[PDB]
Participant: 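Please find one structure pasted underneath; my questions will follow.
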Amino acid sequence: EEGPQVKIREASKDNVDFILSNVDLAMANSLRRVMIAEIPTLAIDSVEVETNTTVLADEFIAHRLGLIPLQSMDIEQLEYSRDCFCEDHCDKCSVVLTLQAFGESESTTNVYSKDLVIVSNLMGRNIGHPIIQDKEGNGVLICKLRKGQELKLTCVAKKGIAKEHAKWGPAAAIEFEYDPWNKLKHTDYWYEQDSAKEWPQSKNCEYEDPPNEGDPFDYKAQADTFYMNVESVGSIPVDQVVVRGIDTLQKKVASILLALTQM
Amino acid sequence: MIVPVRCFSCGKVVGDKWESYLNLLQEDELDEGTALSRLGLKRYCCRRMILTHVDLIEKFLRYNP
Amino acid sequence: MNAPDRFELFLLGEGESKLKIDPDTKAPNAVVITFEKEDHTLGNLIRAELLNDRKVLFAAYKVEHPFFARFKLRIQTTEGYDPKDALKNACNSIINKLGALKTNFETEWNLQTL
Amino acid sequence: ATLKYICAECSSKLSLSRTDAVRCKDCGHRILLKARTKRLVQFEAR
Amino acid sequence: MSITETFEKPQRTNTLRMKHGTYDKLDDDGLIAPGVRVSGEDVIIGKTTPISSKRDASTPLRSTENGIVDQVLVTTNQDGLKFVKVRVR
Ligand SMILES: [Zn+2]
Ligand SMILES: [Zn+2]
Ligand SMILES: [Zn+2]
């Protein structure tokens with residue numbers, strides 16, 4: 001469809017190894033940054049501690065809670081708490097969850113993220129569900145209790161972005177490479193005896209044509225064709241991270257044309 | 001204290017693989033390296049996260065008060 | 001304690017506008033736009049695009065201090081060509097370019113088996 | 001109802017004022033802990 | 001002789017000797033309880049002293065510090081004195 005060009009190599013519920021082509025490095029890189037820091041998501045951002053006899057401090061547990069990946073499928077149908085016209089929080093802008101655990105058995109009692117319970121009305125939108133990916137349906141191990149120890153909390157999820165705090169980040173890592181063959185000469189290889197022999201060859205060198213001995217430096221060739229690979233943290237489908245990233249960046253660029261308008 | 005929820009460097013959820021790492025060692029008698037790799041942890045930043053953890057809560061739990 | 005809030009990185013404080021346009025004196029047909037609550041993501045993007053336009057004599061961006069979230073965009077264009085227009089042409093060219101990418105992706109994503 | 005002070009070892013809830021010495025019941029320990037307040041504490045999950 | 005000190009909430013009487021802090025967090029036993037958040041120059045240990053009616057002898061939290069009361073201990077010395085230890089997290 002003319003313009004940017006996607007060419008997926010791998011795909012799954014966790015990673016999207018693809019190949020952006022026919023685009024400026026800037027755009028490629030801008031998208032890379034947006035996926036990392038500006039894609040809306042839901043995450044614990046308030047914890048009320050009623051009972052805590054655990055070996056961990058409140059802020060310690062609180063901190064971890066906020067790091068628990070939460071379902072953010074329909075995150076767009078959840079207003080930012082700072083915008084919402086209510087007082088503090090409500091179902092229109094926040095998801096409330098509870099955690100109640102008691103050291104009953106004699107063996108250590110594990111408090112996972114599955115033990116979290118939504119207490120607010122989700123209104124039918126896929127949101128707030130603690131993400132689970134372990135072959136045991138336990139999820140993230142929040143804390144541990146000895147017989148007698150108790151923990152009664154109340155978390156208030158909220159929509160946020162990574163820029164404000166990494167917890168709100170939907171992405172994990174983002175492989176990024178271009179010109180596996182240093183034809184553009186964007187880098188000067190360090191060596192002892194042999195540049196090529198000492199430097200490991202990249203995966204993407206296969207997906208490209210090795211330079212030819214005689215050909216003089218192609219001083220016009222620019223930087224297009226970037227070999228990426230996104231990895232979702234779970235709060236959002238892998239493909240979504242990309243798509244929504246592309247969309248978010250698109251919004252920013254638009255928020256500026258609108259500024260020129262009312263200017 | 002306990003398995004950090006995410007890896008400091010990339011954020012990849014790692015705080016949901018402690019018990020698995022442990023079993024992969026005792027029950028399956030696998031070596032640390034071969035174990036972390038089977039947990040999807042390929043980049044040394046995530047690998048170190050688990051391989052270097054110290055589950056001090058176990059000893060903490062050993063107190064009564 | 002002295003550290004500013006995190007939202008200030010993307011939220012405009014009171015008495016602030018997303019764009020500040022001023023006439024450059026060092027040269028004709030030049031402007032210096034101050035983008036508030038934005039960083040390298042936009043600066044280098046709109047910058048790279050403004051460069052594809054041949055009727056654009058000058059385009060550069062810089063964040064004067066990493067503590068604050070804002071950057072300056074300076075543009076120079078041929079007589080008759082308004083700099084505020086090159087920014088429009090660039091923005092639109094981006095939005096379109098990105099839109100096409102969003103489509104090409106949601107397509108290739110379908111032809112996948114996993 | 002209530003639980004002003006708590007014992008260090010037996011963890012048995014105590015509660016007394018002045019002239020009431022500074023011990024606990026059964027356990028002659030003289031430590032005692034303040035016991036967490038009821039006013040719920042809020043936290044930034046950051 | 002008969003000149004003791006008492007852990008409690010002082011609110012001025014014939015002396016007006018207190019400090020620029022805020023005793024609004026001490027319980028009647030003159031001690032904040034675990035869970036309470038303390039900062040600024042708040043009073044952690046309110047105490048009085050009648051010199052021969054109320055002269056402030058209370059321990060305020062450190063200035064450039066601020067956290068949450070992690071624990072309070074009320075013991076007795078080897079002689080018999082009443083001891084107080086407030087751990088702030
Ligand atoms: Zn609301
Ligand atoms: Zn990592
Ligand atoms: Zn006792």
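Reminder, nothing fancy here: chain letters follow the sequence lines and each chain counts from 1. What you see below is based on every heavy atom in this structure, not just the backbone, and it leaves out hydrogens, waters and symmetry mates.
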Participant: To the nearest 0.5 Å, how far apart are CD1 in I44(A) and CZ in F43(D)?
Facilitator: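 Taking CD1 in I44(A) and CZ in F43(D), the distance rounds to 14.0 Å.
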Participant: Quick one: which of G66(A), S46(A), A43(A) has the most heavy-atom pairs under 4.5 Å with chain D, could you say?
Facilitator: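 Sorted descending by pairs with chain D, the first entry is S46(A).
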Participant: For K114(A), I'd like to know if atom NZ has over 12 heavy atoms of other residues, nucleotides or ligands within 6.0 Å.
Facilitator: yes
Participant: Considering residues, nucleotides and ligands other than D83(A), do more than 12 of their heavy atoms fall under 6.0 Å from its CG?
Facilitator: yes
Participant: Under 4.5 Å from any heavy atom of chain D, what part of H165(A) do you find: side chain, backbone, both or neither?
Facilitator: side chain
Participant: The test is side chain to side chain contact (heavy atoms under 4.5 Å, CB included); show your working for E44(D) and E59(A) and say whether it passes.
Facilitator: CA-CA 8 Å; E44(D) 326 83 357; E59(A) 63 253 41; 5.9 Å; no
Participant: With a 4.5 angstrom heavy-atom cut-off, could you sort out which part of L65(A) is near chain D: side chain, backbone, both or neither?
Facilitator: neither
Participant: Return the minimal non-hydrogen interatomic distance between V47(A) and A45(D), and the atom names on each side.
Facilitator: CG2-CB, 4.3 Å
Participant: Looking at chain D, which one of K167(A), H63(A), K158(A), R64(A) has the largest number of heavy-atom pairs inside 4.5 Å, strictly under?
Facilitator: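 Going by pairs under 4.5 Å, I would pick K167(A).
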Participant: For residues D58(A) and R36(D), report the shortest heavy-atom separation together with the two atoms involved.
Facilitator: OD2-NH2, 2.9 Å
Participant: Within the supplied structure, the quantity of interest is the number of heavy atoms (other residues, nucleotides, ligands) at a distance under 6.0 Å from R33(A) CZ; does it exceed 12?
Facilitator: yes
Participant: Does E136(A) CD have over 12 foreign heavy atoms under 6.0 Å away?
Facilitator: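 No.
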